[PDB]
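Participant: Experimental coordinates for this protein are included below, preceded by the sequence.
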Amino acid sequence: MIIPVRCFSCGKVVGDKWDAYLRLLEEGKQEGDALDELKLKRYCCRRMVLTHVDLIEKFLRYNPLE
Amino acid sequence: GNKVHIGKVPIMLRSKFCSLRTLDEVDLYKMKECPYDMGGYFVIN
Amino acid sequence: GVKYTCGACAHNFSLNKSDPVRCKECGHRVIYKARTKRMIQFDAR
Ligand SMILES: [Zn+2]
Ligand SMILES: [Zn+2]
């Protein structure tokens, strides 16, 4: 829905690295390299960023009820 | 002579006779409709 | 008496038992109750 605060498996904080990851993809880096630059070395942390799906951008398009 | 009304026929959503078939992407969100909803069903009560 | 909200134009107003169920501003017939006065607590777990 929105990027999780912590890696489920080990607990390292990953909720502050989502913006940095999208910017690196505009500069043409490959996904593996982008994760490497952010120092996410264990593959438990890597799944969190690599496989998250950002649905909150879709839900905001619905005009506020109030 | 005057046109007579025989009743009401349920419309399949997203078919050619549904008011959502037009609108386009900009208006669909205002009608609270999800663009991933592909229709093919009816609404009864 | 009781706070409501218009589903179209978001104007806030109250209604007692007698009045018809519509928005004063646009005439929209879908309305929603406002949030309760009481404080809500969650344990963040
Ligand atoms: Zn991890
Ligand atoms: Zn209104």
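Facilitator: Received the coordinates, thanks. Numbers count the residues shown, from 1 in each chain, chains lettered A, B, ... in the order given. Ligands and ions are numbered 1, 2, ... in the order given.

Participant: Pick out the residue of chain C closest to chain B.
Facilitator: Closest to chain B within chain C is residue C:7: 9.7 Å, counting by Cβ to the nearest Cβ. In short, each C-beta sits where N, CA and C put it, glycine included.

Participant: And the residue nearest to residue A:12 when sequence neighbours are not counted, how far from residue A:5?
Facilitator: In space, and not counting its chain neighbours, residue A:12 is closest to residue A:45: 5.3 Å by Cβ to Cβ, 6 or more residues apart in numbering or on different chains. For residue A:45, the distance to residue A:5 equals 13 Å [Cβ to Cβ, to the nearest Å].

Participant: Contacts only, for the residue of chain C closest to chain B.
Facilitator: A:65, C:23, C:28, C:30, C:31, C:32 (Cβ atoms under 8 Å, 6 or more residues apart in numbering or on different chains).

Participant: Could you do residue C:28 as well?
Facilitator: With contact set as Cβ under 8 Å, 6+ apart, residue C:28 has these partners: C:6, C:7, C:8, C:9, C:22.

Participant: could you redo the last one with a cut-off of 10 Å?
Facilitator: If you count contacts by Cβ atoms under 10 Å, 6 or more residues apart in numbering or on different chains, residue C:28 has them with C:6, C:7, C:8, C:9, C:11, C:22.

Participant: ditto for residue A:37
Facilitator: Contacts for residue A:37 (Cβ under 10 Å, 6+ apart) come out as A:20, A:21, A:24, A:29.

Participant: what do you get for residue C:31?
Facilitator: The neighbourhood of residue C:31, defined by Cβ under 10 Å, 6+ apart, consists of C:4, C:5, C:6, C:7, C:8, C:11, C:13, C:15, C:21, C:22, C:23.

Participant: Among these, which pair sits farthest apart?
Facilitator: Maximum pairwise distance among the contacts of residue C:31 (Cβ to Cβ): 16.2 Å, between C:8 and C:15.
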